[PDB]
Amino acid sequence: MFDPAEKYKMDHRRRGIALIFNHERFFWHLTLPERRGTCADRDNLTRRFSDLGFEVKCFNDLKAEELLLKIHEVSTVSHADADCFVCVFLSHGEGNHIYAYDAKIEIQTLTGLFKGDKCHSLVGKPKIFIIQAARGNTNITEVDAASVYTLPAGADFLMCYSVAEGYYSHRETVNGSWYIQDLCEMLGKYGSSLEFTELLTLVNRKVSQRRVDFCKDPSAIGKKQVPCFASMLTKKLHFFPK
């Protein structure tokens, strides 16, 4: 019968892989600014997801061909013994695209690799994409206009965005991104007990409550950040200790 509280089965041998694509600088021809603070984000995420049982693999400043090769490689190995899959992008972006070192990649191309017909062993399992990407312009706060569309994907995907249309993404050059900081704080405290979209909702509250009435940089005043997640999940998702 229909169960209103059904949860994803998370009792496989492994939690699964968490991929992190970390982009700090870009080929000069793209004329994009460096992303100081992103290495703090990478380390923060690595610790949180490792603690949740994930096998975390980080890749710094891959070219687009290299990045596509790597994510395709992961999409074609067996996830039969895994609970789920996580993929994080830390970069600049525009519209449907995220930047690699030398060129843009379409988000739909990346998510498409993990759809049922392409990745059988993840069918019915959570596929979670976390995207910290917006428009490229001592602890300094950099402020970027939202630019990356809050795109959906297939069944059992969860697409998590640092910022919604009309708002602004913030990154501290020492402490890291507002969104990743608050995400990681919540993961550390509640990741192993709370339902994951409930947790992302806490992240929405934390980030949107950060004040922008008195910035060190006067030009940043009033540039609020509101994250968003787009859920195509079909069950409750927990990361209880394995």
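From 1 onward, residues are counted along the sequence shown.
Participant: Can you say how many deposited residues have no coordinates in the span between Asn137 and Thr138, choosing none, 1 to 3, 4 to 9, or 10 or more?
Facilitator: Gap between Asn137 and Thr138: 10 or more residues without coordinates.
Participant: So, looking at the entry's B-factor column for Cα atoms, which has the higher mean, 213-221 or 185-193?
Facilitator: Between 213-221 and 185-193, it is 213-221.
Participant: Mind pulling up the entry and telling me whether 199-207 or 44-52 has the higher mean Cα temperature factor?
Facilitator: Per the PDB record, 44-52.
Participant: Taking the entry's C-alpha B-factors for this chain, is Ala230 in the lowest, middle or highest third?
Facilitator: Tercile = lowest for this residue's CA B-factor.
Participant: Can you tell me which third, lowest, middle or highest, the CA B-factor of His79 falls into for its chain?
Facilitator: Highest third, going by the recorded CA B-factors of the chain.
Participant: If you rank every modelled residue in this chain by C-alpha B factor, which third holds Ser177: lowest, middle or highest?
Facilitator: CA B-factor rank for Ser177: lowest third.
Participant: C-alpha B factor of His92, ranked within the chain: lowest, middle or highest third?
Facilitator: Bottom third by C-alpha B-factor.
Participant: In terms of the chain's CA B-factor thirds, is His72 lowest, middle or highest?
Facilitator: Within its chain, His72 is a highest-third residue by C-alpha B-factor, going by the deposited values.
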